[PDB]
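K.L.:
Please find protein_11.pdb (PDB, N, CA and C atoms and all ligand atoms) on the next line:
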ATOM      1  N   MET A   1       3.619   9.198  25.811  1.00  0.00           N
ATOM      2  CA  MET A   1       2.154   9.242  25.940  1.00  0.00           C
ATOM      3  C   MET A   1       1.611  10.364  25.061  1.00  0.00           C
ATOM      4  N   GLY A   2       0.388  10.201  24.544  1.00  0.00           N
ATOM      5  CA  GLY A   2      -0.184  11.112  23.565  1.00  0.00           C
ATOM      6  C   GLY A   2       0.262  10.683  22.170  1.00  0.00           C
ATOM      7  N   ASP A   3      -0.696  10.414  21.282  1.00  0.00           N
ATOM      8  CA  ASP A   3      -0.437  10.109  19.887  1.00  0.00           C
ATOM      9  C   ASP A   3      -0.121  11.404  19.134  1.00  0.00           C
ATOM     10  N   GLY A   4       0.061  11.299  17.820  1.00  0.00           N
ATOM     11  CA  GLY A   4       0.256  12.441  16.952  1.00  0.00           C
ATOM     12  C   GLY A   4       0.101  11.985  15.510  1.00  0.00           C
ATOM     13  N   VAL A   5      -0.229  12.922  14.618  1.00  0.00           N
ATOM     14  CA  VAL A   5      -0.253  12.703  13.183  1.00  0.00           C
ATOM     15  C   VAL A   5       0.373  13.935  12.545  1.00  0.00           C
ATOM     16  N   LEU A   6       1.121  13.754  11.457  1.00  0.00           N
ATOM     17  CA  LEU A   6       1.712  14.833  10.709  1.00  0.00           C
ATOM     18  C   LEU A   6       1.653  14.406   9.249  1.00  0.00           C
ATOM     19  N   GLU A   7       1.342  15.360   8.367  1.00  0.00           N
ATOM     20  CA  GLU A   7       1.385  15.168   6.929  1.00  0.00           C
ATOM     21  C   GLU A   7       2.591  15.893   6.363  1.00  0.00           C
ATOM     22  N   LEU A   8       3.303  15.222   5.465  1.00  0.00           N
ATOM     23  CA  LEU A   8       4.415  15.762   4.713  1.00  0.00           C
ATOM     24  C   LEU A   8       4.107  15.587   3.231  1.00  0.00           C
ATOM     25  N   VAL A   9       4.391  16.628   2.451  1.00  0.00           N
ATOM     26  CA  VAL A   9       4.195  16.639   1.011  1.00  0.00           C
ATOM     27  C   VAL A   9       5.415  15.961   0.396  1.00  0.00           C
ATOM     28  N   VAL A  10       5.187  14.814  -0.242  1.00  0.00           N
ATOM     29  CA  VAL A  10       6.181  13.851  -0.677  1.00  0.00           C
ATOM     30  C   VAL A  10       6.320  13.939  -2.191  1.00  0.00           C
ATOM     31  N   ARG A  11       7.145  14.878  -2.651  1.00  0.00           N
ATOM     32  CA  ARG A  11       7.266  15.131  -4.073  1.00  0.00           C
ATOM     33  C   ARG A  11       8.142  14.031  -4.661  1.00  0.00           C
ATOM     34  N   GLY A  12       7.585  13.314  -5.640  1.00  0.00           N
ATOM     35  CA  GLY A  12       8.211  12.174  -6.283  1.00  0.00           C
ATOM     36  C   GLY A  12       7.279  10.965  -6.268  1.00  0.00           C
ATOM     37  N   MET A  13       6.513  10.769  -5.188  1.00  0.00           N
ATOM     38  CA  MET A  13       5.721   9.566  -5.017  1.00  0.00           C
ATOM     39  C   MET A  13       4.366   9.833  -5.680  1.00  0.00           C
ATOM     40  N   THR A  14       4.023   9.142  -6.773  1.00  0.00           N
ATOM     41  CA  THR A  14       2.866   9.575  -7.555  1.00  0.00           C
ATOM     42  C   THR A  14       2.243   8.471  -8.428  1.00  0.00           C
ATOM     43  N   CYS A  15       2.406   7.195  -8.057  1.00  0.00           N
ATOM     44  CA  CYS A  15       1.555   6.123  -8.557  1.00  0.00           C
ATOM     45  C   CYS A  15       1.412   5.076  -7.460  1.00  0.00           C
ATOM     46  N   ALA A  16       0.463   4.152  -7.631  1.00  0.00           N
ATOM     47  CA  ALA A  16       0.167   3.085  -6.679  1.00  0.00           C
ATOM     48  C   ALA A  16       1.432   2.359  -6.218  1.00  0.00           C
ATOM     49  N   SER A  17       2.394   2.178  -7.128  1.00  0.00           N
ATOM     50  CA  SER A  17       3.668   1.590  -6.764  1.00  0.00           C
ATOM     51  C   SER A  17       4.352   2.438  -5.691  1.00  0.00           C
ATOM     52  N   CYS A  18       4.460   3.748  -5.907  1.00  0.00           N
ATOM     53  CA  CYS A  18       5.070   4.630  -4.929  1.00  0.00           C
ATOM     54  C   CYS A  18       4.284   4.618  -3.618  1.00  0.00           C
ATOM     55  N   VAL A  19       2.949   4.624  -3.704  1.00  0.00           N
ATOM     56  CA  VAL A  19       2.086   4.550  -2.534  1.00  0.00           C
ATOM     57  C   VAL A  19       2.523   3.366  -1.690  1.00  0.00           C
ATOM     58  N   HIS A  20       2.448   2.168  -2.271  1.00  0.00           N
ATOM     59  CA  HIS A  20       2.716   0.973  -1.518  1.00  0.00           C
ATOM     60  C   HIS A  20       4.184   0.896  -1.088  1.00  0.00           C
ATOM     61  N   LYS A  21       5.112   1.478  -1.864  1.00  0.00           N
ATOM     62  CA  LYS A  21       6.497   1.653  -1.484  1.00  0.00           C
ATOM     63  C   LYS A  21       6.558   2.351  -0.131  1.00  0.00           C
ATOM     64  N   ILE A  22       5.985   3.559  -0.031  1.00  0.00           N
ATOM     65  CA  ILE A  22       6.021   4.273   1.236  1.00  0.00           C
ATOM     66  C   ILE A  22       5.295   3.449   2.286  1.00  0.00           C
ATOM     67  N   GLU A  23       4.017   3.152   2.056  1.00  0.00           N
ATOM     68  CA  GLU A  23       3.178   2.590   3.093  1.00  0.00           C
ATOM     69  C   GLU A  23       3.819   1.335   3.692  1.00  0.00           C
ATOM     70  N   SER A  24       4.200   0.377   2.841  1.00  0.00           N
ATOM     71  CA  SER A  24       4.838  -0.859   3.276  1.00  0.00           C
ATOM     72  C   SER A  24       6.175  -0.588   3.969  1.00  0.00           C
ATOM     73  N   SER A  25       6.997   0.303   3.403  1.00  0.00           N
ATOM     74  CA  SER A  25       8.307   0.591   3.971  1.00  0.00           C
ATOM     75  C   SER A  25       8.176   1.238   5.353  1.00  0.00           C
ATOM     76  N   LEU A  26       7.150   2.064   5.557  1.00  0.00           N
ATOM     77  CA  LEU A  26       6.894   2.711   6.834  1.00  0.00           C
ATOM     78  C   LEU A  26       6.411   1.706   7.883  1.00  0.00           C
ATOM     79  N   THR A  27       5.427   0.852   7.561  1.00  0.00           N
ATOM     80  CA  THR A  27       4.828  -0.092   8.510  1.00  0.00           C
ATOM     81  C   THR A  27       5.802  -1.199   8.937  1.00  0.00           C
ATOM     82  N   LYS A  28       6.773  -0.810   9.762  1.00  0.00           N
ATOM     83  CA  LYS A  28       7.837  -1.634  10.312  1.00  0.00           C
ATOM     84  C   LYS A  28       8.621  -0.855  11.371  1.00  0.00           C
ATOM     85  N   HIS A  29       8.875   0.448  11.167  1.00  0.00           N
ATOM     86  CA  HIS A  29       9.593   1.210  12.178  1.00  0.00           C
ATOM     87  C   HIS A  29       8.692   1.417  13.399  1.00  0.00           C
ATOM     88  N   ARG A  30       9.223   1.151  14.595  1.00  0.00           N
ATOM     89  CA  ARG A  30       8.521   1.492  15.823  1.00  0.00           C
ATOM     90  C   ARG A  30       8.176   2.981  15.815  1.00  0.00           C
ATOM     91  N   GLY A  31       7.069   3.324  16.470  1.00  0.00           N
ATOM     92  CA  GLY A  31       6.512   4.659  16.446  1.00  0.00           C
ATOM     93  C   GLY A  31       5.341   4.727  15.484  1.00  0.00           C
ATOM     94  N   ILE A  32       5.417   4.072  14.319  1.00  0.00           N
ATOM     95  CA  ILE A  32       4.379   4.255  13.322  1.00  0.00           C
ATOM     96  C   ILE A  32       3.140   3.462  13.733  1.00  0.00           C
ATOM     97  N   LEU A  33       2.079   4.184  14.086  1.00  0.00           N
ATOM     98  CA  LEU A  33       0.790   3.599  14.383  1.00  0.00           C
ATOM     99  C   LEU A  33       0.075   3.295  13.065  1.00  0.00           C
ATOM    100  N   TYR A  34       0.059   4.249  12.122  1.00  0.00           N
ATOM    101  CA  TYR A  34      -0.583   4.058  10.830  1.00  0.00           C
ATOM    102  C   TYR A  34       0.030   5.023   9.820  1.00  0.00           C
ATOM    103  N   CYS A  35       0.423   4.533   8.647  1.00  0.00           N
ATOM    104  CA  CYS A  35       0.729   5.369   7.492  1.00  0.00           C
ATOM    105  C   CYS A  35      -0.501   5.408   6.598  1.00  0.00           C
ATOM    106  N   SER A  36      -0.672   6.488   5.838  1.00  0.00           N
ATOM    107  CA  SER A  36      -1.167   6.337   4.479  1.00  0.00           C
ATOM    108  C   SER A  36      -0.715   7.533   3.654  1.00  0.00           C
ATOM    109  N   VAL A  37      -0.522   7.331   2.349  1.00  0.00           N
ATOM    110  CA  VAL A  37      -0.096   8.368   1.428  1.00  0.00           C
ATOM    111  C   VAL A  37      -1.053   8.436   0.237  1.00  0.00           C
ATOM    112  N   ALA A  38      -1.313   9.646  -0.268  1.00  0.00           N
ATOM    113  CA  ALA A  38      -2.203   9.872  -1.398  1.00  0.00           C
ATOM    114  C   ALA A  38      -1.562  10.818  -2.402  1.00  0.00           C
ATOM    115  N   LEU A  39      -1.621  10.422  -3.672  1.00  0.00           N
ATOM    116  CA  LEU A  39      -0.974  11.126  -4.771  1.00  0.00           C
ATOM    117  C   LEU A  39      -1.756  12.371  -5.183  1.00  0.00           C
ATOM    118  N   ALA A  40      -3.077  12.383  -4.961  1.00  0.00           N
ATOM    119  CA  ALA A  40      -3.957  13.496  -5.312  1.00  0.00           C
ATOM    120  C   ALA A  40      -3.388  14.851  -4.874  1.00  0.00           C
ATOM    121  N   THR A  41      -2.870  14.916  -3.645  1.00  0.00           N
ATOM    122  CA  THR A  41      -2.192  16.085  -3.090  1.00  0.00           C
ATOM    123  C   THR A  41      -0.725  15.763  -2.761  1.00  0.00           C
ATOM    124  N   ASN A  42      -0.199  14.682  -3.347  1.00  0.00           N
ATOM    125  CA  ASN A  42       1.116  14.096  -3.099  1.00  0.00           C
ATOM    126  C   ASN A  42       1.529  14.220  -1.631  1.00  0.00           C
ATOM    127  N   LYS A  43       0.677  13.723  -0.726  1.00  0.00           N
ATOM    128  CA  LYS A  43       0.892  13.802   0.710  1.00  0.00           C
ATOM    129  C   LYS A  43       1.134  12.408   1.267  1.00  0.00           C
ATOM    130  N   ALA A  44       1.940  12.325   2.322  1.00  0.00           N
ATOM    131  CA  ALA A  44       2.080  11.158   3.164  1.00  0.00           C
ATOM    132  C   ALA A  44       1.727  11.605   4.570  1.00  0.00           C
ATOM    133  N   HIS A  45       0.780  10.941   5.246  1.00  0.00           N
ATOM    134  CA  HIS A  45       0.559  11.167   6.654  1.00  0.00           C
ATOM    135  C   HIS A  45       1.084   9.949   7.390  1.00  0.00           C
ATOM    136  N   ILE A  46       1.908  10.207   8.401  1.00  0.00           N
ATOM    137  CA  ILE A  46       2.542   9.187   9.207  1.00  0.00           C
ATOM    138  C   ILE A  46       2.041   9.447  10.623  1.00  0.00           C
ATOM    139  N   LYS A  47       1.208   8.551  11.152  1.00  0.00           N
ATOM    140  CA  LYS A  47       0.735   8.653  12.515  1.00  0.00           C
ATOM    141  C   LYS A  47       1.805   8.048  13.424  1.00  0.00           C
ATOM    142  N   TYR A  48       2.944   8.736  13.557  1.00  0.00           N
ATOM    143  CA  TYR A  48       4.027   8.315  14.434  1.00  0.00           C
ATOM    144  C   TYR A  48       3.837   8.824  15.864  1.00  0.00           C
ATOM    145  N   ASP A  49       4.179   7.987  16.850  1.00  0.00           N
ATOM    146  CA  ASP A  49       4.281   8.376  18.254  1.00  0.00           C
ATOM    147  C   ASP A  49       5.288   9.530  18.360  1.00  0.00           C
ATOM    148  N   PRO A  50       4.872  10.759  18.709  1.00  0.00           N
ATOM    149  CA  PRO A  50       5.696  11.955  18.568  1.00  0.00           C
ATOM    150  C   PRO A  50       6.684  12.110  19.735  1.00  0.00           C
ATOM    151  N   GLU A  51       7.407  11.035  20.062  1.00  0.00           N
ATOM    152  CA  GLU A  51       8.284  10.942  21.218  1.00  0.00           C
ATOM    153  C   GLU A  51       9.588  10.254  20.812  1.00  0.00           C
ATOM    154  N   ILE A  52       9.487   8.990  20.392  1.00  0.00           N
ATOM    155  CA  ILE A  52      10.643   8.165  20.060  1.00  0.00           C
ATOM    156  C   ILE A  52      11.242   8.504  18.699  1.00  0.00           C
ATOM    157  N   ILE A  53      10.441   9.080  17.807  1.00  0.00           N
ATOM    158  CA  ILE A  53      10.859   9.432  16.462  1.00  0.00           C
ATOM    159  C   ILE A  53      10.261  10.788  16.097  1.00  0.00           C
ATOM    160  N   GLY A  54      11.018  11.608  15.363  1.00  0.00           N
ATOM    161  CA  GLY A  54      10.667  12.983  15.048  1.00  0.00           C
ATOM    162  C   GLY A  54      10.502  13.206  13.543  1.00  0.00           C
ATOM    163  N   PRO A  55      10.079  14.418  13.152  1.00  0.00           N
ATOM    164  CA  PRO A  55       9.852  14.766  11.761  1.00  0.00           C
ATOM    165  C   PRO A  55      11.144  14.650  10.954  1.00  0.00           C
ATOM    166  N   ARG A  56      12.281  15.050  11.535  1.00  0.00           N
ATOM    167  CA  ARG A  56      13.611  14.832  10.972  1.00  0.00           C
ATOM    168  C   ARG A  56      13.761  13.387  10.488  1.00  0.00           C
ATOM    169  N   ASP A  57      13.465  12.450  11.386  1.00  0.00           N
ATOM    170  CA  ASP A  57      13.744  11.048  11.164  1.00  0.00           C
ATOM    171  C   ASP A  57      12.840  10.562  10.042  1.00  0.00           C
ATOM    172  N   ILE A  58      11.552  10.909  10.117  1.00  0.00           N
ATOM    173  CA  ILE A  58      10.607  10.645   9.044  1.00  0.00           C
ATOM    174  C   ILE A  58      11.097  11.220   7.715  1.00  0.00           C
ATOM    175  N   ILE A  59      11.564  12.469   7.701  1.00  0.00           N
ATOM    176  CA  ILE A  59      12.116  13.083   6.505  1.00  0.00           C
ATOM    177  C   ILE A  59      13.216  12.189   5.935  1.00  0.00           C
ATOM    178  N   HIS A  60      14.215  11.828   6.743  1.00  0.00           N
ATOM    179  CA  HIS A  60      15.336  11.022   6.267  1.00  0.00           C
ATOM    180  C   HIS A  60      14.841   9.662   5.766  1.00  0.00           C
ATOM    181  N   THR A  61      13.924   9.068   6.526  1.00  0.00           N
ATOM    182  CA  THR A  61      13.350   7.767   6.226  1.00  0.00           C
ATOM    183  C   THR A  61      12.684   7.799   4.848  1.00  0.00           C
ATOM    184  N   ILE A  62      11.846   8.804   4.591  1.00  0.00           N
ATOM    185  CA  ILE A  62      11.166   8.946   3.313  1.00  0.00           C
ATOM    186  C   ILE A  62      12.176   9.286   2.208  1.00  0.00           C
ATOM    187  N   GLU A  63      13.124  10.195   2.469  1.00  0.00           N
ATOM    188  CA  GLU A  63      14.181  10.532   1.517  1.00  0.00           C
ATOM    189  C   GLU A  63      14.903   9.272   1.043  1.00  0.00           C
ATOM    190  N   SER A  64      15.189   8.349   1.965  1.00  0.00           N
ATOM    191  CA  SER A  64      15.804   7.069   1.627  1.00  0.00           C
ATOM    192  C   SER A  64      15.020   6.286   0.558  1.00  0.00           C
ATOM    193  N   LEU A  65      13.716   6.544   0.398  1.00  0.00           N
ATOM    194  CA  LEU A  65      12.876   5.899  -0.609  1.00  0.00           C
ATOM    195  C   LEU A  65      12.918   6.637  -1.954  1.00  0.00           C
ATOM    196  N   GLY A  66      13.510   7.834  -2.000  1.00  0.00           N
ATOM    197  CA  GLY A  66      13.738   8.608  -3.211  1.00  0.00           C
ATOM    198  C   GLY A  66      12.565   9.526  -3.546  1.00  0.00           C
ATOM    199  N   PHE A  67      11.966  10.159  -2.532  1.00  0.00           N
ATOM    200  CA  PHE A  67      10.901  11.142  -2.675  1.00  0.00           C
ATOM    201  C   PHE A  67      11.155  12.214  -1.619  1.00  0.00           C
ATOM    202  N   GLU A  68      10.938  13.500  -1.917  1.00  0.00           N
ATOM    203  CA  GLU A  68      11.294  14.596  -1.025  1.00  0.00           C
ATOM    204  C   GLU A  68      10.112  14.931  -0.111  1.00  0.00           C
ATOM    205  N   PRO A  69      10.219  14.711   1.208  1.00  0.00           N
ATOM    206  CA  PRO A  69       9.174  15.013   2.168  1.00  0.00           C
ATOM    207  C   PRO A  69       9.352  16.422   2.737  1.00  0.00           C
ATOM    208  N   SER A  70       8.262  17.168   2.931  1.00  0.00           N
ATOM    209  CA  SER A  70       8.323  18.392   3.720  1.00  0.00           C
ATOM    210  C   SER A  70       7.018  18.553   4.490  1.00  0.00           C
ATOM    211  N   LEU A  71       7.115  18.711   5.812  1.00  0.00           N
ATOM    212  CA  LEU A  71       5.985  18.766   6.723  1.00  0.00           C
ATOM    213  C   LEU A  71       5.059  19.945   6.415  1.00  0.00           C
ATOM    214  N   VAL A  72       3.743  19.705   6.432  1.00  0.00           N
ATOM    215  CA  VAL A  72       2.722  20.736   6.253  1.00  0.00           C
ATOM    216  C   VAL A  72       1.528  20.513   7.190  1.00  0.00           C
ATOM    217  N   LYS A  73       0.927  19.312   7.186  1.00  0.00           N
ATOM    218  CA  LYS A  73      -0.370  19.059   7.826  1.00  0.00           C
ATOM    219  C   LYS A  73      -1.445  19.996   7.249  1.00  0.00           C
ATOM    220  N   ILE A  74      -1.998  19.644   6.083  1.00  0.00           N
ATOM    221  CA  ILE A  74      -2.906  20.516   5.345  1.00  0.00           C
ATOM    222  C   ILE A  74      -4.259  20.539   6.066  1.00  0.00           C
ATOM    223  N   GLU A  75      -5.147  19.570   5.810  1.00  0.00           N
ATOM    224  CA  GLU A  75      -6.357  19.357   6.597  1.00  0.00           C
ATOM    225  C   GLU A  75      -5.974  19.304   8.077  1.00  0.00           C
TER     226      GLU A  75
HETATM  227 CU    CU B 101       5.091   5.208  -8.657  1.00  0.00          CU
END
As structure tokens, please, write out the structure in this file.
Ligand SMILES: [Cu+]

P.N.:
Amino acid sequence: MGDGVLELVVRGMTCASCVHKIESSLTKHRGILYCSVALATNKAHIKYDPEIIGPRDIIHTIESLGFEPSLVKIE
């Protein structure tokens, strides 16, 4: 219970192809309520249910796509 959002700076992902790579690849794992990623600040925000899946798992998941994630939550 209780939602959550976290932003990770995803170094490597930096064109529309990479955007849709992350976004589409994310929108399938349980926990993910909403993804979106933006290249302007090379950020990915994953609105994951902060219970069943953790920042670790998101890190590994994004790493599997070939871009380096590190949690920040800027805004
Ligand atoms: Cu790209």

K.L.:
Given only C-alpha atoms as the basis, pick out the residue of A:1, A:15, A:44, A:26 nearest to residue A:73.

P.N.:
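When distances to residue A:73 are compared using only C-alpha atoms, the smallest one comes from A:44.
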
K.L.:
I'd like the residues picked by the PyMOL selection byres (((not hetatm)) within 8 of (chain B and resi 101)) written out as a ChimeraX atom specification, using the chain letters and numbers from the file.

P.N.:
/A:12-21

K.L.:
Could you check how far atom CA of residue A:38 sits from atom CA of residue A:5, in Å to one decimal?

P.N.:
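One can read the atom CA of residue A:38 to atom CA of residue A:5 distance as 15.0 Å.
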
K.L.:
Determine the residue membership of the PyMOL selection byres (((chain A and resi 2 and name CA) around 10) and not hetatm and name CA) for the file above and supply it as a ChimeraX atom specification.

P.N.:
/A:1,3-4,49-51

K.L.:
Could you write out as an mmCIF file with N, CA and C atoms, in the frame of the given file the residues that the PyMOL selection byres (((chain A and resi 69) around 8) and not hetatm) matches in the shown file?

P.N.:
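Done, and the output landed in selection.cif:
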data_model
loop_
_atom_site.group_PDB
_atom_site.id
_atom_site.type_symbol
_atom_site.label_atom_id
_atom_site.label_comp_id
_atom_site.auth_asym_id
_atom_site.auth_seq_id
_atom_site.Cartn_x
_atom_site.Cartn_y
_atom_site.Cartn_z
ATOM 1 N N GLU A 7 1.342 15.360 8.367
ATOM 2 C CA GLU A 7 1.385 15.168 6.929
ATOM 3 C C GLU A 7 2.591 15.893 6.363
ATOM 4 N N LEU A 8 3.303 15.222 5.465
ATOM 5 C CA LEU A 8 4.415 15.762 4.713
ATOM 6 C C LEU A 8 4.107 15.587 3.231
ATOM 7 N N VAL A 9 4.391 16.628 2.451
ATOM 8 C CA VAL A 9 4.195 16.639 1.011
ATOM 9 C C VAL A 9 5.415 15.961 0.396
ATOM 10 N N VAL A 10 5.187 14.814 -0.242
ATOM 11 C CA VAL A 10 6.181 13.851 -0.677
ATOM 12 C C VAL A 10 6.320 13.939 -2.191
ATOM 13 N N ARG A 11 7.145 14.878 -2.651
ATOM 14 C CA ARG A 11 7.266 15.131 -4.073
ATOM 15 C C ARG A 11 8.142 14.031 -4.661
ATOM 16 N N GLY A 12 7.585 13.314 -5.640
ATOM 17 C CA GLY A 12 8.211 12.174 -6.283
ATOM 18 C C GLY A 12 7.279 10.965 -6.268
ATOM 19 N N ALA A 44 1.940 12.325 2.322
ATOM 20 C CA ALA A 44 2.080 11.158 3.164
ATOM 21 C C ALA A 44 1.727 11.605 4.570
ATOM 22 N N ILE A 58 11.552 10.909 10.117
ATOM 23 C CA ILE A 58 10.607 10.645 9.044
ATOM 24 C C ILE A 58 11.097 11.220 7.715
ATOM 25 N N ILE A 59 11.564 12.469 7.701
ATOM 26 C CA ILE A 59 12.116 13.083 6.505
ATOM 27 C C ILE A 59 13.216 12.189 5.935
ATOM 28 N N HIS A 60 14.215 11.828 6.743
ATOM 29 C CA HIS A 60 15.336 11.022 6.267
ATOM 30 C C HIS A 60 14.841 9.662 5.766
ATOM 31 N N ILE A 62 11.846 8.804 4.591
ATOM 32 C CA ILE A 62 11.166 8.946 3.313
ATOM 33 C C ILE A 62 12.176 9.286 2.208
ATOM 34 N N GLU A 63 13.124 10.195 2.469
ATOM 35 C CA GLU A 63 14.181 10.532 1.517
ATOM 36 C C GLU A 63 14.903 9.272 1.043
ATOM 37 N N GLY A 66 13.510 7.834 -2.000
ATOM 38 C CA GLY A 66 13.738 8.608 -3.211
ATOM 39 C C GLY A 66 12.565 9.526 -3.546
ATOM 40 N N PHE A 67 11.966 10.159 -2.532
ATOM 41 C CA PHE A 67 10.901 11.142 -2.675
ATOM 42 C C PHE A 67 11.155 12.214 -1.619
ATOM 43 N N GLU A 68 10.938 13.500 -1.917
ATOM 44 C CA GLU A 68 11.294 14.596 -1.025
ATOM 45 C C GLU A 68 10.112 14.931 -0.111
ATOM 46 N N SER A 70 8.262 17.168 2.931
ATOM 47 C CA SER A 70 8.323 18.392 3.720
ATOM 48 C C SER A 70 7.018 18.553 4.490
ATOM 49 N N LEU A 71 7.115 18.711 5.812
ATOM 50 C CA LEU A 71 5.985 18.766 6.723
ATOM 51 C C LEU A 71 5.059 19.945 6.415
ATOM 52 N N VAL A 72 3.743 19.705 6.432
ATOM 53 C CA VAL A 72 2.722 20.736 6.253
ATOM 54 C C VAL A 72 1.528 20.513 7.190
#

K.L.:
Could you please determine the separation between atom CA of residue A:33 and atom CA of residue A:48 in Å, to one decimal place?

P.N.:
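Straight-line distance from atom CA of residue A:33 to atom CA of residue A:48 works out to 5.7 Å.
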
K.L.:
Could you give me, as an MDAnalysis selection string, each residue of chain A that DSSP assigns to strand (DSSP E) when run on this structure's backbone?

P.N.:
chainID A and resid 6:11 32:38 43:48 68:71

K.L.:
Please write C-alpha atoms of stretch 30-56 of chain A, from the structure given just now, as a PDB file, in the first residue's frame.

P.N.:
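selection_39.pdb was written with the following content:
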ATOM      1  CA  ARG A  30       4.588  -5.892 -12.133  1.00  0.00           C
ATOM      2  CA  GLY A  31       5.049  -2.923  -9.803  1.00  0.00           C
ATOM      3  CA  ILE A  32       5.416  -0.404 -12.630  1.00  0.00           C
ATOM      4  CA  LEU A  33       2.434   1.948 -12.552  1.00  0.00           C
ATOM      5  CA  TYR A  34       3.989   4.369 -15.089  1.00  0.00           C
ATOM      6  CA  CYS A  35       7.419   4.898 -16.684  1.00  0.00           C
ATOM      7  CA  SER A  36       8.687   7.831 -18.528  1.00  0.00           C
ATOM      8  CA  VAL A  37      12.256   8.812 -19.463  1.00  0.00           C
ATOM      9  CA  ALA A  38      13.626  12.116 -20.839  1.00  0.00           C
ATOM     10  CA  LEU A  39      16.996  12.698 -22.504  1.00  0.00           C
ATOM     11  CA  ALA A  40      17.102  16.450 -21.658  1.00  0.00           C
ATOM     12  CA  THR A  41      18.375  15.535 -18.151  1.00  0.00           C
ATOM     13  CA  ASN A  42      18.995  11.857 -19.145  1.00  0.00           C
ATOM     14  CA  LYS A  43      16.512  10.762 -16.445  1.00  0.00           C
ATOM     15  CA  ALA A  44      14.156   7.797 -16.162  1.00  0.00           C
ATOM     16  CA  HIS A  45      11.327   8.016 -13.625  1.00  0.00           C
ATOM     17  CA  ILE A  46       9.755   4.673 -12.773  1.00  0.00           C
ATOM     18  CA  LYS A  47       6.542   4.930 -10.747  1.00  0.00           C
ATOM     19  CA  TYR A  48       7.052   1.462  -9.213  1.00  0.00           C
ATOM     20  CA  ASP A  49       5.044   0.133  -6.237  1.00  0.00           C
ATOM     21  CA  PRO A  50       7.818   0.547  -3.583  1.00  0.00           C
ATOM     22  CA  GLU A  51       7.112  -2.872  -1.984  1.00  0.00           C
ATOM     23  CA  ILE A  52       7.387  -5.788  -4.442  1.00  0.00           C
ATOM     24  CA  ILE A  53      10.334  -4.292  -6.358  1.00  0.00           C
ATOM     25  CA  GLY A  54      13.195  -2.040  -5.180  1.00  0.00           C
ATOM     26  CA  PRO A  55      15.710   0.462  -6.618  1.00  0.00           C
ATOM     27  CA  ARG A  56      18.272  -2.392  -6.851  1.00  0.00           C
TER      28      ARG A  56
END
